[PDB]
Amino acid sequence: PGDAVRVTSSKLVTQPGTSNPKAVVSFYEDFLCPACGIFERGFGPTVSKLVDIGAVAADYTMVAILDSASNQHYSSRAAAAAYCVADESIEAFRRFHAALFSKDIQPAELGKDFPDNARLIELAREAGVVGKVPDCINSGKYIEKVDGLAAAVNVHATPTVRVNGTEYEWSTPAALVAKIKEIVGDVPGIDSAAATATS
């Protein structure tokens, strides 16, 4: 998946003869982007159920298009923190990625304070990891990578969603599930994925 964090479960359905997922949903997101927050709060539970029943691989590329000195470089620090978390644990990344887009945490784009690195570290702890994450965050390990990411993957707007490489104009979670079903068919649980309330 390249510069993305790939989230899958043991049940992942793959193309015959290969270990390639039958269905890949690609997300390009900025942790400071308000629409991304609404999108993830609205689709996250469905995508998590799709992953867990094995219907999709969910690939997350966290760009930093909104990053600026005026937001205390939150967009880049948050994305880089997420890559640090994924190095330790994909399960923790799922929780951390969801947490940063929650209503309690996602900062006002034009506000006067933003989670500092200590706060990002504490959020990673809550998502279930310490390990190398504190050093990874404090050293700015993935800052250069996330700053170059929008250019490297040629995505300049967020959120950008694709299904098997095809850009997807999203509306409802159920509509996304219908599209996945067209690809994977009757994966057990797929009908229930549509009506997933929480993650």
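From 1 onward, residues are counted along the sequence shown.
Q: Averaging C-alpha B-factors over each stretch, which comes out higher, 97 to 105 or 125 to 133?
A: Comparing 97 to 105 with 125 to 133, the higher mean C-alpha B-factor belongs to 125 to 133.
Q: Could you check which stretch, 49 to 57 or 28 to 36, carries the larger mean CA temperature factor in the entry?
A: Higher of the two, by average CA B-factor, is 49 to 57.
Q: Splitting the chain's C-alpha B-factors into thirds, which one does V153 fall into?
A: Tercile = middle for this residue's CA B-factor.
Q: Split the chain's modelled residues into thirds by Cα B-factor; is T172 in the lowest, middle or highest one?
A: Lowest third - that is where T172 ends up once the chain's C-alpha B-factors are sorted.
Q: Please rank the C-alpha B-factors of the chain's modelled residues and tell me whether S89 sits in the lowest, middle or highest third.
A: Within its chain, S89 is a highest-third residue by C-alpha B-factor, going by the deposited values.
Q: What third of its chain, lowest, middle or highest, does the C-alpha temperature factor of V161 fall into?
A: Lowest third.
Q: Lowest, middle or highest third of the chain for the C-alpha temperature factor of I143?
A: Tercile = middle for this residue's CA B-factor.
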